[PDB]
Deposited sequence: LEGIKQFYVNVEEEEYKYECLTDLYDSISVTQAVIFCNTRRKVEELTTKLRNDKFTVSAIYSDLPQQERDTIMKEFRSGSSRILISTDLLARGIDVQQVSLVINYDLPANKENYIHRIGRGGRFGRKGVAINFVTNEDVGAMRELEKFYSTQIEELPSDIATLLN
């Protein structure tokens, strides 16, 4: 799993960075994690308005609804699956090649459950306010989270 970060500088630039990235890296399906249900719902709404097909999973969903959502994703009906930090470990991201942390994990431990299973590329969005916490992450683990390259056309090969 290759781990990168994009310094979006401020929360407001995250949405545009996500959609531009989505096009630039030419990926089809991706999983996105946010730290709160509210952010998941808001990002899902914006994405859908922009014509993207998205599925969202929340804790308040009964097992039936979650299993439906997953089938929606696995079949390709939805190109994007968005979930919360709390549900990351319970989400069986298949061999999805791209995972995006729209919000940098606030719980350092949960980070390894938010980077996929090898598809494997994980991209972390950080603002000037989160950059520090990211460094702590690199220490908490013995890994290296590199700044995303200027040219990612061949990112996921």
Could you spell out the stretches of the deposited sequence that were left without C-alpha coordinates, going in sequence order?
1-3, 123-127
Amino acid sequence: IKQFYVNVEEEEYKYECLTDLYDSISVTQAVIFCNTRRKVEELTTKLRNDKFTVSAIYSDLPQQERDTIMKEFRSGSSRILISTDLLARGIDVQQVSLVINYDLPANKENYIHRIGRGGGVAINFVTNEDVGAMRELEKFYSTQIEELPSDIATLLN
From here on, numbers count along this sequence of modelled residues.
If you average the CA temperature factors over each stretch, which comes out higher, 6-14 or 21-29?
21-29
Report the stretch with the higher mean CA temperature factor, choosing between 57-65 and 123-131 on the basis of the entry.
57-65
Per the PDB entry, which option out of 36, 44, 101, 94 has the greatest Cα B factor?
94
Assert third(CA B-factor, residue 48) within chain per record equals middle
With respect to C-alpha B-factor, does residue 86 fall in the lowest, middle or highest third of the chain as deposited?
highest
Residue 137 - which third its CA temperature factor falls in, relative to the rest of the chain
highest
Would the CA B-factor of residue 116 place it in the lowest, middle or highest third of its chain?
middle
